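Enquirer:
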Amino acid sequence: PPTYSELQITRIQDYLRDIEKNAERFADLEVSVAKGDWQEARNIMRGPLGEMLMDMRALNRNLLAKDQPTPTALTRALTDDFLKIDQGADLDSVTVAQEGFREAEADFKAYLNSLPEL
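Going by full-length UniProt numbering, the first residue of the sequence shown is number 34, and it counts up by one from there.
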């Protein structure tokens, strides 16, 4: 019956560190969106939070196959939530963008709660 290897465990630990460090910029994203500062909102999404998504995908690849569906689905969800923020920005609508933000925050919290016991 599959168990995590030391290598997987160490990689997970390192990717999760990076994910949680980059996740601090959710706050800056929310403020930029509230101000309709679309250029900074896109910079945040493309930069630190884009790195965060890359780190999530890398983490997910290191999970046991039985543990992969949920985190993977939620990473795709979060990717699409950022697109929703960008659709708000294109419409120059704070209101639409903040609905995307709320979905992104909920999906990211759900992603962390989906990670396995190692």
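Don't be surprised by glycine CBs; every beta carbon is placed ideally from N, CA and C.
On the premise that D88 lies in contact with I52, defined as a C-beta separation below 8 Å, what is that separation, rounded to the nearest angstrom?
Expert: The residue given as residue 52 occupies position 19 in the sequence shown. The residue given as residue 88 occupies position 55 in the sequence shown. Contact flag correct, Cβ pair sits at about 5 Å.
Enquirer: When the distance is taken between beta carbons, is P104 closer than 9 Å to residue 7?
Expert: Since the first residue shown for the chain is 34 and the last is 151, residue 7 is missing from the structure and cannot be characterised.
Enquirer: Quick one: complete alpha helix (DSSP H) runs, 4+ long, within the region 57-95?
Expert: As far as the region 57-95 is concerned, its whole alpha helix (DSSP H) runs of at least 4 residues are 59-67, 71-79, 81-94.
Enquirer: Alpha carbon to alpha carbon, what distance is there between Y144 and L151?
Expert: The sequence position of residue 151 within the sequence shown is 118, counting from 1. The sequence position of residue 144 within the sequence shown is 111, counting from 1. Distance between the alpha carbons of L151 and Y144 is about 16 Å.
Enquirer: Alpha carbon to alpha carbon, how far is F141 from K68?
Expert: Within the sequence shown, residue 141 is the residue found at index 108, counting from 1. Within the sequence shown, residue 68 is the residue found at index 35, counting from 1. Cα-Cα distance, rounded: 22 Å.
Enquirer: Using C-beta distances below 8 Å, list every residue in its chain close to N55, excluding the 5 sequence neighbours before and after it, in chain order.
Expert: Start at 1 with the first residue of the sequence shown, and residue 55 comes out as number 22. Closer than 8 Å at Cβ, skipping near neighbours: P81, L82, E84, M85, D88.
Enquirer: Distance check for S126 and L49, CA to CA, integer angstroms please.
Expert: As a working mapping, residue 49 is identified with position 16 in the sequence shown. As a working mapping, residue 126 is identified with position 93 in the sequence shown. Going from the Cα of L49 to the Cα of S126 covers about 32 Å.
Enquirer: By the 10 Å Cβ neighbour count, where 16 or more other Cβ atoms means buried, how is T108 classified, buried or exposed?
Expert: Translated into positions along the sequence shown, residue 108 becomes position 75. Flag for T108 reads buried.
Enquirer: Ordered along the chain, which non-local residues of its own chain (more than five positions away) have a Cβ less than 7 Å from that of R58?
Expert: The sequence position of residue 58 within the sequence shown is 25, counting from 1. So the list reads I77, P81, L82, once near-sequence residues are dropped.
Enquirer: Buried or exposed: where does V64 fall if 16 or more other Cβ atoms within 10 Å of its Cβ makes it buried?
Expert: Counted from its first residue, the sequence shown places residue 64 at position 31. Exposed.
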